[PDB]
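Student: turn this into a model:
(12 chains, ligands or ions: 6)
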Amino acid sequence: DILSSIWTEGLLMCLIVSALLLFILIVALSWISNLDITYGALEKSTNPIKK
Amino acid sequence: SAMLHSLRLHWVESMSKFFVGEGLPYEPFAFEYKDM
Amino acid sequence: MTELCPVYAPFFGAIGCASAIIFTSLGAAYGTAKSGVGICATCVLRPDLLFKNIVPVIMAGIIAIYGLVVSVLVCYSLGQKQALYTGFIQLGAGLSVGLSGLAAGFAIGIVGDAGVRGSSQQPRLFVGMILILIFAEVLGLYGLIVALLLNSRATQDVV
Amino acid sequence: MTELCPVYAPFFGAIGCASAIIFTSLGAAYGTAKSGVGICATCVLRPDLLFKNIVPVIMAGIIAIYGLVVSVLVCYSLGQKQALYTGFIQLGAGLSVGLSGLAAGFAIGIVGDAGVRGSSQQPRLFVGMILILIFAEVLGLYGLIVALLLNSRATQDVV
Amino acid sequence: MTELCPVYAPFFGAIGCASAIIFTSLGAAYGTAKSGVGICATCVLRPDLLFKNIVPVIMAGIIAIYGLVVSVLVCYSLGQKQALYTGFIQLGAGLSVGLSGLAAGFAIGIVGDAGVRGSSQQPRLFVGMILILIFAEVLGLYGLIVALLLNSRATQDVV
Amino acid sequence: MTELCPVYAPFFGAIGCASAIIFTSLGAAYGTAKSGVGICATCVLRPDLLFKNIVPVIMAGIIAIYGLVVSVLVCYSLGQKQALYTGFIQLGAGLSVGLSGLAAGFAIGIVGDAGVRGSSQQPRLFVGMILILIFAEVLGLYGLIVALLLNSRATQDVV
Amino acid sequence: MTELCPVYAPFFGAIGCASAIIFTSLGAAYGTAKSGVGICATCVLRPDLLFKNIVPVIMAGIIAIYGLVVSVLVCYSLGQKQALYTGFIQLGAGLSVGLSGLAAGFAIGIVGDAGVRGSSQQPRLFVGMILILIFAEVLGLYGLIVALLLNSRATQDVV
Amino acid sequence: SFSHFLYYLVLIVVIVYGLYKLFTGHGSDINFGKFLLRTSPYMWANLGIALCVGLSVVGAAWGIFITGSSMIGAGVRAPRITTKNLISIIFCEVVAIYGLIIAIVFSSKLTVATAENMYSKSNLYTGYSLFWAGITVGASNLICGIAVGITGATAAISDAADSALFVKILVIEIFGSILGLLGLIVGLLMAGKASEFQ
Amino acid sequence: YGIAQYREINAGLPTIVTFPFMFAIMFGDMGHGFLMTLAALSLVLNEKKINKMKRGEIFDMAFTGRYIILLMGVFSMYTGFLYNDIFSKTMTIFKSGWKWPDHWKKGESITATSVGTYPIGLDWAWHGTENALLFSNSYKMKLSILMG
Amino acid sequence: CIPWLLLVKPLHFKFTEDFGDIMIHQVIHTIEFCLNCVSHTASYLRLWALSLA
Amino acid sequence: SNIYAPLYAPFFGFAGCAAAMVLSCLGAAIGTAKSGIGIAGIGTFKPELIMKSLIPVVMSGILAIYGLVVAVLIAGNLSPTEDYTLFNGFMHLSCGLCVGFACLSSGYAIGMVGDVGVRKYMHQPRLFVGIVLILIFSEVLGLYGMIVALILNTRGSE
Amino acid sequence: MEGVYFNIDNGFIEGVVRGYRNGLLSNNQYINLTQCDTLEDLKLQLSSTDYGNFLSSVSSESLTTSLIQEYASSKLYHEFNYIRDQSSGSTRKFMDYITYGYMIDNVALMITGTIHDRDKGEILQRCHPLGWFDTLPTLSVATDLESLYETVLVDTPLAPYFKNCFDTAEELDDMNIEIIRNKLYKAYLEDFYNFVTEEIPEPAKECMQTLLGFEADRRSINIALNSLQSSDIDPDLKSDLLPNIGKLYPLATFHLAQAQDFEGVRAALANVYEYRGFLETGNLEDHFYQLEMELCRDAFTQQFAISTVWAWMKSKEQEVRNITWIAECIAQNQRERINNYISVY
Ligand SMILES: CO/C1=C\C(C)=C\[C@@H](C)[C@@H](O)[C@H](C)C/C(C)=C/C=C/[C@H](OC)[C@@H]([C@@H](C)[C@@H](O)[C@H](C)[C@@]2(O)C[C@@H](O)[C@H](C)[C@@H](C(C)C)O2)OC1=O
Ligand SMILES: CO/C1=C\C(C)=C\[C@@H](C)[C@@H](O)[C@H](C)C/C(C)=C/C=C/[C@H](OC)[C@@H]([C@@H](C)[C@@H](O)[C@H](C)[C@@]2(O)C[C@@H](O)[C@H](C)[C@@H](C(C)C)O2)OC1=O
Ligand SMILES: CO/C1=C\C(C)=C\[C@@H](C)[C@@H](O)[C@H](C)C/C(C)=C/C=C/[C@H](OC)[C@@H]([C@@H](C)[C@@H](O)[C@H](C)[C@@]2(O)C[C@@H](O)[C@H](C)[C@@H](C(C)C)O2)OC1=O
Ligand SMILES: CO/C1=C\C(C)=C\[C@@H](C)[C@@H](O)[C@H](C)C/C(C)=C/C=C/[C@H](OC)[C@@H]([C@@H](C)[C@@H](O)[C@H](C)[C@@]2(O)C[C@@H](O)[C@H](C)[C@@H](C(C)C)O2)OC1=O
Ligand SMILES: CO/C1=C\C(C)=C\[C@@H](C)[C@@H](O)[C@H](C)C/C(C)=C/C=C/[C@H](OC)[C@@H]([C@@H](C)[C@@H](O)[C@H](C)[C@@]2(O)C[C@@H](O)[C@H](C)[C@@H](C(C)C)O2)OC1=O
Ligand SMILES: CO/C1=C\C(C)=C\[C@@H](C)[C@@H](O)[C@H](C)C/C(C)=C/C=C/[C@H](OC)[C@@H]([C@@H](C)[C@@H](O)[C@H](C)[C@@]2(O)C[C@@H](O)[C@H](C)[C@@H](C(C)C)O2)OC1=O
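Tutor: Residues are numbered from 1 along each chain as shown, chains lettered A, B, ... in the order given. Ligands and ions are numbered 1, 2, ... in the order given. See the structure here:
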């Protein structure tokens, strides 16, 4: 009465814990990638009529 | 962090008990040195 | 190899220690990046606020301190022959502090960017920005506290 | 082989070393690419600032050094018959340093890009950018510290 | 247990009831929302359109009645020592009624939104809109018929 | 629990029972929704065309009839102890009719919305619209024929 | 059952019979929908070409005939005692004809839409579109030929 | 989309594996019952606690930044609204407080159990109860924090224009916080009968 | 936070003591509290010169609240005494109420027995023990509940 | 006391359109009071949390 | 021991208690947020009508009460020292899924109706009856889900 | 949903823009400005508003209606550029697309001055400073549209909008520049509508789709009426001038293309109920501006929507127009129609 020969209870627990951690990591990496630098205030205004 | 958390505990947890608020601040007509 | 102390038990402790710093560093990096964008945007117009507006970057870095503290404290109970209970305690503490620090760092980054961009225009908003940033950092503090509570039970009555 | 020293134990150590170098290289590459974009965009109008703006690149390039140091230190503890605990520790240390240095490189690339772009018109923003970028190099340092602390326990009291 | 009546047999019946409720509720909600947005958009201009446009909402609400009827029947047909043939029949009936009602609700929502947005001009569009809404509701009625025909055979000649 | 007639055999029959009316209802709903959008868009220009432009909705509704009849033929050929081959045939017939009716409904909607849109401009476009709608309905008729032919083999020389 | 003729062998045959009509109907639906919207757009201005530009719809409607023919010839060669060789051959023929007819239908839809949208500009575009549709229908013809050959070898020297 | 393709491939692989196990006669080999019985309830309890606190903090931070961005944006012209709309941030952080309390309560039940009674009925029930109650509290606090943050952002933007808007949107924000309160109540109710591991 | 009503109970009178004391409860360190006290005293004793000279935004702040910081530092020193936390260490000023066993082997888990009560502050026998957190956490949670 | 605090003051105001405003404001005050009772008592645990941190 | 009451049944029993509360909270939050957005929008121009415009919020909050009731009844049948049959666990999971997703659908519908219902009620009060009827039609979905959950748990207990 | 992901990047932008909307003058402030006596009194009254002391540096004798308009426009454009410079990504692209509309008008005005040989200083002053590509002052000399495109328009982000204008004659005149402006702005409207549909999320997507449809209908009507007086207009070629994203498309746009008379234009517009009354009676531009203000007010009802930026910009452009009108009426003392201002807040 074992869970599996290769997909043992310990291996499945480790795999799904790592899956949860990797899901959180992937979400965080998507957040960090979606971060965009606001270039408007980091450049010199090229308008002579105004500013 | 502790200073500002005690600020929070006084503004929310403490003042809401007895602070009616919405009072007129005292701004008297006084002369002061206005920096240029 | 004991039923109470499997050979994969140290995996949970090691991965929790790794996650405690990984997710807190990710959140701190997001906060630092967003607050740096805000600070560099505002300093072109108000260079005098360069050192006053660095607070969001500082408070983003405290999350990394919380993650480092949990990672250091988890390594105390790490061992080859450790129980599965200890391993899952370590994993739970690491996950708690990591996810809490990630959320806190994201919130600190967003609110710090908003506050630095809005305090140059209105100097009265510095107090509000600092307050909301403290409210965001106390979340990582709560994750730290939960991690410490879990760690206090790591190696007690364990055989 | 042995229950405590399985044949697949070196897999986790090799993955840890590979991740330690790889993710730090990715973070350093992102930082270097974005900071170099900033420098090349800003140097078109400020020939005096060819240098003094490569500091984001330099700090991004130390993250790769952290990953290299961790990878070198976990290679020397890698063996054919090594405990699964040692493999888990090496994997955790590698993941911690790599995924902390990746976040550090992201933050450095964003912050240094913003700082160099602002500094093309405001020379006072250089100091602010230098201080803010240290707040991500310190995240990389925290990850390195966690990785070294883990690796110190890789072979300590291991059978 | 029994080969024909395993312990996990009512899982399929429970999943069928859940699918019926879930999908009929999503269909009804989508229909009601897509009808109500047009109701608000168009009823501002005319007085007599308050009940000209409640017909899509009434039609979409009957889908939830179909889901309720099928789910109540399969609940009354559920059992502990229940053969998995009954579980499969209940799962099929729940899936059929739920997804047919989901399709009917989506069609009702789209048709109601379009007809209400286009019917503010003249009230002669009302008859055609009613006809098309009936056409869309007949899909949910067919799903109900299939589910009832299934549930009539759920516990017929079952050992 | 005969190998040729396993216990789980009615699962595929129930899935075909559901899918014959689930996907046909999905296609009918798509066709009805798109055609109704077109009609209600074109109802304002001419109210007399409303009774002639409902043909796409009518032909979209015949797909649901095909699914319903294929189900009623399939859904009455189930049993506690049915062959796995019979379950496979029922599932195949259900999938064939459902995913042919889904395509027929998709084509009917896409053709019919444009057809009723053009009918407000060209009154003689009605014959071409009817032709293309017949062409799209034959696609679901083919799936109906395939399902009917399969169902003749469900319990033919089956032990 | 025999190791060469398992009880799950009819599953592949049923799936192939279903797919042979499902995917050909999907391709025919695409090639009929795009052709029909193009035909309606053309007929909005001039109805003279309405009955002449139906060639793309007819060509996409022959793909469904190929799928129906393959499904009919597959549902006759499959039984309860058929081997895995026969089931795999039937599945391969069904997938071949279905996923070749789907590509043929996609190409026919695109080509016919372009040709009927540009047909009012040049009468010779009708002949050009006919020529390109001849090339696009031959893809489905090849899929049908492959399916027919497979089904010919489905029950030859099979035990 | 790469993510959609990965999801579809995972679904196809799962379906193919299930059909292969079922057809060959090894359908019972995919046993979720043995997976749940042989899994250490310490895993479930610790995952429940960690996810409870993590998702509570995630929701608190979510509401905090949604409200704070709007408060700072509307404070540029009306700085007086920050102190009055700090109640919104308080209502966003109270869900983190709820998650912390639930985590404390659940961690009070983390006792070392003997090897023979490792997977007993009481221990398995405790593991499942802690896992699912932590999931419930964490997800409820996440949802409540997001809703309260949205409501607080609207309240700050509206009471920047006129201070009378805050006293009417605070009702909606209290309605939002009620969701987190109910989540805490249900999480406590689930783990009320769950005794410590023994 | 807001301006009080006319002839309303001022919130600034109880704040003088409550705010530094809640900060001290959260802070709770006699070494860090001493550093805060010295930092505030540097401003307090030299307040005439700082008043005469111009102050920045960060310098005008923390100088108008120099007495605030002084009170927080003094109360932090008091709480750190009550926590026996001097730079994260402990002061063995009085006699502990816990007695360790007469003799034990190295590395053996030992539980102290109660002999009395610690006069002022947390017992210093709780420093470095395995169940130090289990006691300090309950103490501080109940302290927070009571003082709230 | 919950119905007491929710009703007695509006009842006195009724028995001395403003009545509806007073009644609604008293409802809002009552609900906020009951919520922030447990909210404030729970949030005072931040003293322990920050001390531990 | 008991073949029909395995020790992993409480997992599925609590999965219905978790799903019910979580999805009811999701639906209630969606309704309350999407109604508060519209209320705030109309407040800038017509703040006087906010008083009666809270109806979508209050009836989207009742969905959370439905989920709370169902979760309370589900969790009352779960106890470590009690034969919790796998039938009961599966059917309580069905309770939770049914009521949670019905309340989520009701919350989505109430949000989409109150987002534009109050934004068009500000123009004239004559649309109030129509908006209330549409909101009732949205709430009866959660009512049906709660009724199904009640029937399910009542039958599962016995 | 709507506000779940908005405040990550645009929360501060939305807050500041809605505060700016709160800063828009109400009816009472408009009446107070109407009751002024001189431009100095108007400046003093505007000081009490949210304009602040924007005319503080201006002396009493230098105070003029043109200068008041210049300062109000400068403040508005400074606010817009500050908001753009605090936003990135989709919001930054949205702001750039907003600027492109003024940039097209700027290039058209520069070309009109180039053929008209007007004063360079006044030509620069009249140009809208929001739409300013680096080669804009080059337009004062360049005339050939092929040379125009190759030396200027490829450099600008207006390059994708110049596709089908090569068919016309190479020599450029007033009719050529008018049709080039119409074609360029139509292509810009199509590109902006596509960008809103794909990238701008709900509910800002639908709101800006409706707003762009209104703008397309407005300019379609304007183009049809301005080409009605001309006898060199081809009905099929006019389809390249009328935008295809508005509510008029496709039937009403087709009828307008085939419309040749004012009654024909009214019959073409009979498909849409909103635009029938605009040509039925009254001032057409007044009705367009009133409905634009109503649409902006409706746009400000939605929270967590980036369309509030467009609503604000149109509202405060109309506000600056109203301030200029009031100042001119006060300076000329012709207060017969001083109350002919459009306000919704
Ligand atoms: C290079 O090492 C600096 C920071 C690093 C790397 C800290 C790590 C431990 C970090 O990983 C941790 C996690 C965060 C931390 C412990 C920040 C404290 C920073 C110092 O602050 C006292 C500043 C501070 C001296 C400096 O930032 C400013 C000059 C300033 O003094 C200007 C003042 O106007 C302002 C009031 C004051 C405020 C914002 C603290 O900062 O030192 C530094 O830069
Ligand atoms: C040639 O590649 C350079 C370094 C390499 C290969 C580093 C790797 C080993 C990497 O693994 C990392 C980055 C190791 C590291 C930390 C190197 C520091 C290098 C010096 O940085 C101080 C500059 C320095 C000699 C000089 O190149 C600078 C540009 C500069 O002379 C310009 C000055 O204006 C400026 C004030 C100052 C620095 C601080 C910018 O020194 O060496 C280089 O560039
Ligand atoms: C609001 O639903 C009413 C009761 C509810 C909530 C029933 C739920 C169980 C329902 O959710 C479920 C889904 C069943 C359902 C759908 C009932 C419809 C009832 C009537 O609907 C015809 C209206 C009907 C009296 C009234 O609501 C109509 C608006 C109307 O009065 C307007 C008239 O102009 C019109 C001629 C006529 C109908 C045919 C449009 O009746 O009873 C109601 O009170
Ligand atoms: C909504 O209830 C209607 C049909 C239902 C419920 C069908 C289901 C059973 C479904 O399973 C399918 C679709 C089978 C079916 C039985 C269709 C019959 C349609 C009727 O057509 C005879 C029209 C027809 C009476 C009506 O649509 C028009 C008044 C019209 O008579 C106008 C004529 O100008 C036109 C020539 C004629 C054409 C288009 C058929 O339709 O009934 C309806 O709508
Ligand atoms: C009603 O049965 C029609 C289509 C169906 C159901 C086909 C299935 C059996 C399918 O399995 C396929 C498509 C079999 C197939 C290939 C049928 C061809 C039928 C007739 O084609 C001769 C046209 C034809 C009468 C009609 O389309 C036009 C009026 C036309 O006669 C106009 C002529 O100007 C033109 C020369 C001629 C050409 C294009 C073939 O078509 O009937 C139909 O629609
Ligand atoms: C913050 O929520 C409030 C109480 C809470 C938390 C109830 C939960 C326990 C809920 O789960 C319970 C179970 C159900 C519920 C939802 C009660 C609503 C009561 C009042 O709603 C009428 C509102 C409040 C909206 C009310 O005071 C409004 C001002 C008003 O009276 C204004 C009237 O113009 C309007 C006609 C009337 C409508 C909604 C009937 O509501 O009391 C509150 O403070």
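Student: chain H against chain G: which residues are in contact?
Tutor: If contacts are counted using C-beta under 8 Å from any C-beta of the partner chain, the residues of chain H sitting beside chain G are H:19, H:23-24. Every residue, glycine included, has its C-beta placed from N, CA and C.
Student: who wins for neighbours among those residues?
Tutor: The most neighbours of any of the residues of chain H next to chain G, using other C-beta atoms under 10 Å in any protein chain shown, belong to residue H:23, which has 17 neighbours.
Student: mind listing what the residue of chain A found nearest chain B touches?
Tutor: Across chain A, the shortest distance to chain B (C-beta to the nearest C-beta) belongs to residue A:28, at 23.8 Å. Contacts for residue A:28 (C-beta atoms under 8 Å, 6 or more residues apart in numbering or on different chains) come out as C:23, C:26-27, C:30, C:102.
Student: which one of the residues you listed is nearest residue I:76?
Tutor: Comparing those against residue I:76 with C-beta to C-beta picks out residue C:27 as the nearest, at 29.0 Å.
Student: closest to chain G out of the residues of chain H next to chain G?
Tutor: residue H:23 (3.7 Å).
Student: how far away is that closest one from ligand 1?
Tutor: 58 Å (C-beta to the nearest ligand atom, to the nearest Å).
Student: please tell me how far that residue sits from ligand 6.
Tutor: If you measure residue H:23 against ligand 6 using C-beta to the nearest ligand atom, the figure is 51 Å.
Student: enumerate every residue touching that residue.
Tutor: G:6-8, G:11.
Student: change it to 7 Å
Tutor: Taking C-beta atoms under 7 Å, 6 or more residues apart in numbering or on different chains as the criterion, residue H:23 is in contact with G:8, G:11.
Student: again, but for residue L:9
Tutor: By C-beta under 7 Å, 6+ apart, the contact list for residue L:9 reads L:88-89, L:91.
Student: how many neighbouring residues does residue 17 have?
Tutor: Assuming you mean chain A. Burial measure for residue A:17: 21 neighbouring residues, criterion other C-beta under 10 Å.
Student: wrong chain, I was asking about chain L
Tutor: Look at residue L:17: counted by other C-beta under 10 Å, it has 25 neighbours.
Student: for chain I, which helix is longest?
Tutor: Scanning chain I for the longest helix, with DSSP state H as the assignment, gives helix I:66-83.
Student: what's the first helix or strand after it?
Tutor: Heading C-terminal from helix I:66-83, the first helix or strand you meet, by DSSP states H and E, is strand I:98-99.
Student: you'd agree residue A:35 is up against residue D:111?
Tutor: No. Between residue A:35 and residue D:111 there is no contact, the gap being 10.9 Å when judged by C-beta atoms under 7 Å.
Student: ok, these two, which is more surrounded?
Tutor: Regarding residue A:35 and residue D:111, a neighbour count based on other C-beta under 10 Å identifies residue D:111 as having more, with 33 against 21.
Student: what is the helix or strand harbouring residue L:263 packed up against?
Tutor: If you go by DSSP H and E, residue L:263 is part of helix L:262-269. Using 3 or more C-beta pairs under 7 Å, 6 or more residues apart in numbering or on different chains; DSSP states H and E as the contact test, the elements touching helix L:262-269 are helix L:204-228, helix L:251-258, helix L:276-280.
Student: so can I have a markdown table of those helices showing distance to residue H:146 and mean neighbour count?
Tutor: Shown next, in a markdown table, are these (distance: least, C-beta to C-beta, whole Å; neighbours: other C-beta atoms under 10 Å in any protein chain shown):
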| stretch | distance to residue H:146 | mean neighbour count |
| --- | --- | --- |
| helix L:204-228 | 19 | 21 |
| helix L:251-258 | 43 | 20 |
| helix L:276-280 | 44 | 15 |
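Student: greatest separation within the contacts of residue A:28: which pair is it?
Tutor: Going by C-beta to C-beta, the pair spanning the contacts of residue A:28 furthest: C:23 and C:30, at 10.7 Å.
Student: just how off-centre is stretch L:215-235 within its chain?
Tutor: 18 Å (C-alpha atoms, centre = their mean, to the nearest Å).
Student: can you list the residues that contact that stretch?
Tutor: So stretch L:215-235 is contacted by L:175, L:182, L:185, L:189, L:238, L:241-243, L:245-248, L:253, L:256-259, L:262, L:265, L:275, L:288 (C-beta under 7 Å, 6+ apart).
Student: just the buried residues from the residues you listed, in PyMOL please.
Tutor: Buried subset of those, written as a PyMOL selection, criterion 16 or more other C-beta atoms under 10 Å in any protein chain shown:
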select buried, chain L and resi 182+185+189+238+241+242+243+245+246+247+248+253+256+257+259+265+275+288
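Student: in stretch I:89-103, what counts as buried?
Tutor: By neighbour count with 16+ other C-beta under 10 Å, stretch I:89-103 contains the buried residues I:90, I:96-98.
Student: one more: stretch J:4-13?
Tutor: J:6, J:9-10.
Student: what sits against residue J:13?
Tutor: Contacts were defined as C-beta under 7 Å, 6+ apart; by that measure residue J:13 touches J:19, J:22.
Student: mind telling me which residue of chain K is nearest ligand 5?
Tutor: Going by C-beta to the nearest ligand atom, ligand 5 is nearest to residue K:105 of chain K, at 40.9 Å.
Student: which helices and strands does the helix or strand containing that residue pack with?
Tutor: Assigned by DSSP H and E, residue K:105 belongs to helix K:86-121. Packing partners of helix K:86-121 (3+ C-beta pairs under 7 Å, 6+ apart): helix E:10-43, helix K:9-45, helix K:55-76, helix K:128-157.
Student: tell me the contacts of residue 29?
Tutor: Just going to use chain A. Applying C-beta under 7 Å, 6+ apart to residue A:29 gives no contacts.
Student: that's the wrong chain, I wanted chain I
Tutor: I:76, I:80, I:85.
Student: cutoff 8 Å now
Tutor: The contact partners of residue I:29, taken as C-beta under 8 Å, 6+ apart, are I:76, I:79-80, I:83, I:85-88.
Student: same deal with residue L:11?
Tutor: Contact partners of residue L:11, counting by C-beta under 8 Å, 6+ apart, are C:110, C:114, H:65-66, H:68-70, H:73, H:153.
Student: got those residues as a markdown table, with secondary structure columns?
Tutor: Conversion of the contacts of residue L:11 to a markdown table gives the following (DSSP: H, G, I helix; E, B strand; the rest coil):
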| residue | secondary structure |
| --- | --- |
| C:110 | helix |
| C:114 | helix |
| H:65 | helix |
| H:66 | helix |
| H:68 | helix |
| H:69 | helix |
| H:70 | helix |
| H:73 | helix |
| H:153 | helix |
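Student: closest one of these to ligand 2?
Tutor: Ligand 2 has its nearest neighbour among those in residue C:110, at 31.1 Å by C-beta to the nearest ligand atom.
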